[PDB]
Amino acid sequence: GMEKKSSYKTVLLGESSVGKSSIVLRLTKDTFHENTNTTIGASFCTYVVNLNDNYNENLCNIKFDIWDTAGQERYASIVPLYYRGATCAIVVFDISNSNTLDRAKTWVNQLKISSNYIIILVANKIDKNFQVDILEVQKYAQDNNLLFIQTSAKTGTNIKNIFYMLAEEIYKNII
């Protein structure tokens, strides 16, 4: 790779409650819900980043096809359907719950073996007052050659930037 595509399959992965549905809602509808429900059925959405909005107009309109595992990450025989053929993996944890970091690390290791993914590790819920050490997390991401970003779905902080960073990386690769 990288072959240029009409859209880029992107797995949105993380333990329940870390804020995946909230990242999608904030991203796509500029809205946040303090209370959320369990997902009914498969969870998909699309999002377009145009990098010029120095980039080649043909390559730099990047469309994400986001698959939110939304609970299916529990099932070892179902989750590969989310990974297969994905260009990007967004692995989310909650800064206030260290257990969710531990699971994210396990997923990063699985993904690195599975295929070549552009992986972004997302520290969500930074608006809250930390069970993790961010510096350790940043070091972790460097050691594993991951993109890293700190976000709040609640305030909107760095939500679009998740996909800006991914799109920059896809372009760099296509180029």
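All residue numbers are counted from 1 along the displayed sequence.
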{"item": "Deposited but uncoordinated residues in the residue 53/residue 54 interval", "value": "10 or more"}
{"item": "Residues with no coordinates between residue 38 and residue 39, taken from the deposited sequence as a class", "value": "none"}
{"item": "Which of 138 to 146 and 115 to 123 has higher mean CA B factor, as the PDB entry lists it", "value": "138 to 146"}
{"item": "Stretch with the greater mean C-alpha B-factor as recorded in the entry, comparing 38 to 46 against 56 to 64", "value": "56 to 64"}
{"item": "Maximum C-alpha temperature factor, selected from 86, 91, 76, 81", "value": "76"}
{"item": "Highest-ranked of 108, 70, 132, 27 once sorted by CA temperature factor in the record", "value": "132"}
